[PDB]
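Chemist: Got a structure for you, written out below as structure tokens; questions coming shortly.
So basically every Cβ, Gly included, is an ideal-geometry build from the backbone, and we count neighbours across all protein chains shown. Just so it is clear, none of the values below were taken in a lab; they were calculated from the coordinates.
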């Protein structure tokens, strides 16, 4: 409640400041998606909502790697903006948590 | 199947098949499109010859990887990259690769038109008649969405304007506004 | 009547506009070969 909301509300704004200066950082590499994704509440994004959602065979200009659960990049599409891209080990862990 | 497979930052444009490459029919019409883009997107393009058979990913595995990672370096500065590949004639010819080409489908709409264009290139092209209409018939049987740009216009101004806006729009998706 | 009860009973019009349509394809795609091999 009170004791948890001090670290769990600045960790978003520390990651959003990680998100806001990432829009000028250069493109490291790009990947081809072989699956699709949609962001959920249980996906545990450090900034809830700002992550992207894609369909099959999409292209992700990976700007950078946010942490070991998320990357930072954007879907290559006009008007679309930078968000959070899940790492494949996190996409694997989002499959195991549904079964158990 | 992993989710993420490493492509370049800028996909290279692949000009495929009015017919088989290696002839006066195919290459000179493609030579129109390397002539157009050289000065239409001048200052924002890198147009290069691809000599190695990149469908093998014959050319050895060190030569192909060197040409693979060259294209990885060409698309590094967010620039459009074009390839003058001679071995490439098909989408499934490069399905297994991590390049993901913007496959541009030059189409002659009727096969009767094409065989008139073969007689006009001379009898040194008339020795290769049915072999040329074979692969253009393959691409006529190929699915349309497996390509990216399908060109069937006759005037150079028509197909290149259709070429120009589709390469400008992909420049906008690769370059978001500030 | 004769414009639609001779030729519409024949169908020569589709034959004539086809060859014109090929005539645009002949002139259209020859110019690219004409443009390409010199440049």
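Chemist: Could you figure out which of (1) surrounded by 12 or more Cβ atoms within 10 Å (Cβ to Cβ); (2) farther than 23 Å from residue B:74 by Cβ isn't true of residue A:29?
Modeler: (2)
Chemist: Residues in the stretch B:138-167 that are assigned to a helix (DSSP H, G or I) and over 17 Å from the mean Cα position of the chain (by Cα): how many?
Modeler: 3
Chemist: Show me the strands (runs of 3 or more DSSP E) entirely contained within the stretch B:1-60 in which 1 or more residues are farther than 30 Å from residue A:36 by Cβ, away from chain A (no Cβ under 14 Å) and in contact with a strand residue (DSSP E or B) (Cβ under 6 Å, 6 or more places away or on another chain).
Modeler: Filter on the stretch B:1-60 gives B:13-16, B:45-50.
Chemist: Does residue B:63 satisfy being in a helix (DSSP H, G or I) and within 14 Å of chain A (Cβ to nearest Cβ)?
Modeler: When the stated conditions are applied, residue B:63 does not pass them.
Chemist: Still on this structure, please answer the following. Identify the residue in the stretch B:74-125 that is closer than 30 Å to residue A:25 by Cβ and over 19 Å from the mean Cα position of the chain (by Cα) and, among all such residues, is surrounded by the most Cβ atoms within 10 Å (Cβ to Cβ).
Modeler: Top of the filtered list is B:76.
Chemist: Here's another thing I want to ask about it. Counting just the residues of the stretch A:76-100 that are in a helix (DSSP H, G or I) and within 12 Å of another protein chain (Cβ to nearest Cβ), which one comes out farthest from the chain's Cα centre (by Cα)?
Modeler: Within the stretch A:76-100, the match that is farthest from the chain's Cα centre (by Cα) is A:95.
Chemist: Could you tell me whether the stretch B:156-168 includes any residue that is more than 26 Å from residue A:80 (Cα to Cα) and surrounded by fewer than 13 Cβ atoms within 10 Å (Cβ to Cβ)?
Modeler: yes
Chemist: Further question on the same structure: Looking only at the stretch B:99-137, which residues are assigned to a loop (DSSP other than H, G, I, E, B), within 14 Å of another protein chain (Cβ to nearest Cβ) and more than 30 Å from residue B:80 (Cβ to Cβ)?
Modeler: Scanning the stretch B:99-137 gives B:110, B:121, B:122.
Chemist: Determine whether residue A:52 is part of a strand (DSSP E or B) and within 15 Å of residue A:23 (Cα to Cα).
Modeler: Taking the combined requirement at face value, the residue does not satisfy it.
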